[PDB]
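Participant: what would the 3D arrangement of this be:
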Amino acid sequence: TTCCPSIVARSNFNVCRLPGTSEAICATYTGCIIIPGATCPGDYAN
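Facilitator: Numbers count the residues shown, from 1 in each chain. Pasting the structure now:
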């Protein structure tokens, strides 16, 4: 599951993904994170 710290971080994440970039690269690029579970924390609410 991906969790993002802000709205624009998510928007940027989704653009990064469009060419097929790995989630892990897009995470470090944007500040989003990948977790194994499905429950994002309150500080990665977007």
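Participant: which residues touch residue 14?
Facilitator: Residue 14 sits next to no residue when contact means C-beta atoms under 8 Å, 6 or more residues apart in numbering. Just so you know, the C-beta spots here come from the backbone N, C-alpha and C atoms, and that holds for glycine as well.
Participant: which parts of the strand or helix carrying it are buried?
Facilitator: If you go by DSSP states H and E, residue 14 is part of helix 7-17. For helix 7-17, a neighbour-count test (16 or more other C-beta atoms under 10 Å) marks 9-10, 12-13, 16 as buried.
Participant: after it, which helix or strand is next?
Facilitator: Using DSSP H and E, the helix or strand that directly follows helix 7-17 along the chain is helix 23-30.
Participant: report how many residues lie close to residue 30.
Facilitator: Neighbourhood size, residue 30 [other C-beta atoms under 10 Å]: 22.
Participant: isn't it up against residue 4?
Facilitator: Yes: here residue 30 reaches residue 4: they are 7.0 Å apart, a contact under C-beta atoms under 8 Å.
Participant: find residues that contact each of those two.
Facilitator: Shared contacts of residue 30 and residue 4, defined by C-beta under 8 Å, 6+ apart, comprise 10, 13.
Participant: phi, psi of residue 6?
Facilitator: For residue 6, the backbone dihedrals are phi -150, psi 170 (criterion: degrees, to the nearest 10).
Participant: contacting residues for it?
Facilitator: Going by C-beta under 8 Å, 6+ apart, the list of residues near residue 6 reads 31, 46.
Participant: distance of the residue of the chain most remote from its centre from residue 25?
Facilitator: Of all residues in the chain, residue 19 has its C-alpha farthest from the mean position, at 15.3 Å, by C-alpha atoms, centre = their mean. Separation of residue 19 from residue 25 (C-beta to C-beta, to the nearest Å) stands at 11 Å.
Participant: same check, this time on residue 16
Facilitator: Counting by C-beta to C-beta, the gap from residue 16 to residue 25 is 7 Å.
Participant: with adjacent residues omitted, what lies nearest to residue 10?
Facilitator: In space, and not counting its chain neighbours, residue 10 is closest to residue 4: 4.0 Å by C-beta to C-beta, 6 or more residues apart in numbering.
Participant: how far away is the one you found from residue 22?
Facilitator: Applying C-beta to C-beta, the value for residue 4 to residue 22 is 16 Å.
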